[PDB]
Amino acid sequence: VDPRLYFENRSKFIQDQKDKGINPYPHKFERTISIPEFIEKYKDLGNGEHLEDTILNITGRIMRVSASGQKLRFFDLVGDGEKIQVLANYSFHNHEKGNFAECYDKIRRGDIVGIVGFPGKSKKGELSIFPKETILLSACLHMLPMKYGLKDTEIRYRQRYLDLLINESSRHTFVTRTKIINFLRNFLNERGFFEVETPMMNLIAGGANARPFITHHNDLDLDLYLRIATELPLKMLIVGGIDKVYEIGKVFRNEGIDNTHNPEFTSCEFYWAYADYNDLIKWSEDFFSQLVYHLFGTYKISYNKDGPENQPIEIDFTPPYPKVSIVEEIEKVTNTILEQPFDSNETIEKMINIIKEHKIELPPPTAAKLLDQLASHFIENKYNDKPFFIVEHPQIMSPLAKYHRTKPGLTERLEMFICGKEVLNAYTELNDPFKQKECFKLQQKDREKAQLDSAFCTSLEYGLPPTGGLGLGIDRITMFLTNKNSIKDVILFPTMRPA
């Protein structure tokens, strides 16, 4: 029909109710029971049975309107993701409260109502509330979309409340997200880790390699950068003696947006004094295996990697997972030998040309950037049926990772991928301040062609114990455990191009 005319008529209805003295937005309706609790109490009720002496006050949203004549009105009432039917029969209406037809003729799809009624099942077995009075609590002034109208449109992301009301799978996705975070918090808390809050506005944005957001505090007259990671202050806390410390919160990176990149996303980083790379590998295998089984009762799950049209693949989270050394694998699959140093002009041009030969995009072509593109194009999709680790990244890729205790030029680093998407980053922590500043200076010369924080370097000088730290991408993990191809689908309000 005409949505605009429909909204204007509903707006006039609201005003006309006010002119007649009715308040269409009452202050308080005292509910006796919720819709889920009502399904629970009366599901085992007789086919056709009534409990007319049990009077209840319930609320919900009308999501379907139908009629069987003037004296039998049928509705769908939804709440907390669950639904019952409303059977309004003239025979049971409390005529002292008003005229039957004038009450229910007013109801529209979407209206929030409060119902005083009694429980029963229809002749057909359909669990129902039988009102004796229905009261409008909050009207829906627009036409609700069809499920079809939300299918391939971004109304889901710009009007998420419509998606939550119309699509049952939407509520389930975000319930799983909270369950994932709850399980991660308990998993760490049971292991003695201490949750903290580190600043989101900082003089320097470090702990990763990404362009930051900038903002300004007026009263201090200070430019501040939003955190791109929580890594650096969490290590300062380890120096402070919080030997098991973690944080779950937002980080911000001023980068490209796509199906795996939201400018603000949720990370968890934990730091574990006296642990090393081996402890972090075992932690990763323990956590993901127990999380998947906590949620699905099994280690195998299906994931529509190629969209809902193509058939799904199966991801087996049974430990252990394979470990692939980045340099050795690139060397193996390319039939090249990457001599050290990796940032020598010899190895750079060697990586540049094997980039050019395989028709890949040359990144600023730094040795770190080239190695990333090589692993991205030759390793990261090695496994799709199972998560897997890429390990032992070179030092020039890992300015904060401790040097490999036996393999020169490499670090004790790990990255876990699921279907070619990084969800985990961990390594033995670099705690030698002299080796740390040398890593900071090389990035600055790489900059001239993240910033070094003197406060972090100073804290290393008071003694950082041997430590292992780990970071998780919560949204990306939720994607795979909710069968979603876009990060927009697991964030309630994702960052959108403005309308």
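All residue numbers refer to positions in the sequence shown, first residue = 1. In this text, the rigid core denotes the largest set of C-alpha atoms whose superposition between the two forms falls within 1.5 Å.
**Q** When the core is superposed, where do the C-alphas shift more in 8 other deposited structures of this protein: in 330-338 or in 390-398?
**A** Output: 330-338, the stretch lying farther off on average in 8 other deposited structures of this protein.
**Q** State which stretch is farther from the displayed form on average in 8 other deposited structures of this protein, 111-119 or 342-350, counting RMS CA distance after fitting on the rigid core.
**A** Result of the core-fitted comparison in 8 other deposited structures of this protein: 342-350 deviates more.
**Q** Given the other compared entries that model the residues flanking it, would you say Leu442 is unmodelled in at least one third?
**A** That residue is missing from at least a third of the other compared entries.
**Q** At a threshold of one third of the other compared entries, does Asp152 come out as unmodelled?
**A** Counting only entries that model residues on both sides, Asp152 is unresolved in at least a third of them.
**Q** Unmodelled deposited residues between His27 and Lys28: none, 1 to 3, 4 to 9, or 10 or more?
**A** In the deposited sequence, nothing is left without coordinates between these two.
**Q** What is the count, as a class, of unmodelled deposited residues between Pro263 and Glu264: none, 1 to 3, 4 to 9, or 10 or more?
**A** Unresolved stretch here: none.
**Q** Determine, for stretches 147-155 and 233-241, which one has the higher mean CA B-factor as deposited.
**A** The deposited B-factors put 147-155 ahead on the C-alpha mean.
**Q** As stated in the PDB record, which stretch has the larger average Cα B-factor, 323-331 or 389-397?
**A** The stretch with the larger average C-alpha B-factor is 323-331.
**Q** Comparing recorded Cα B-factors across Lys437, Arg64, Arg61, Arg31, which one is largest?
**A** In this record, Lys437 carries the highest C-alpha B-factor of the candidates.
**Q** Sorting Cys457, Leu470, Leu56, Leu51 by Cα temperature factor from the record, which one lands on top?
**A** Among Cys457, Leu470, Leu56, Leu51, the highest C-alpha B-factor in the entry belongs to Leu51.
**Q** Please say which third, lowest, middle or highest, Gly207 falls into when its CA temperature factor is compared across its chain.
**A** Its C-alpha B-factor, which the entry lists for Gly207, ranks in the lowest third among residues of this chain.
**Q** Quick check for you: using the entry's CA B-factors within this chain, is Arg177 in the lowest, middle or highest third?
**A** According to the entry, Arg177 has a C-alpha B-factor in the chain's lowest third.
**Q** Place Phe130 in the lowest, middle or highest third of its chain's C-alpha B-factors, as listed in the PDB entry.
**A** Middle third of the chain for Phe130's C-alpha B-factor.
**Q** How does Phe75 rank on Cα B-factor within its chain, lowest, middle or highest third?
**A** Middle third by C-alpha B-factor.
**Q** Comparing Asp286 with the other modelled residues of its chain, is its CA B-factor in the lowest, middle or highest third?
**A** It belongs to the middle third of the chain when residues are ordered by C-alpha B-factor.
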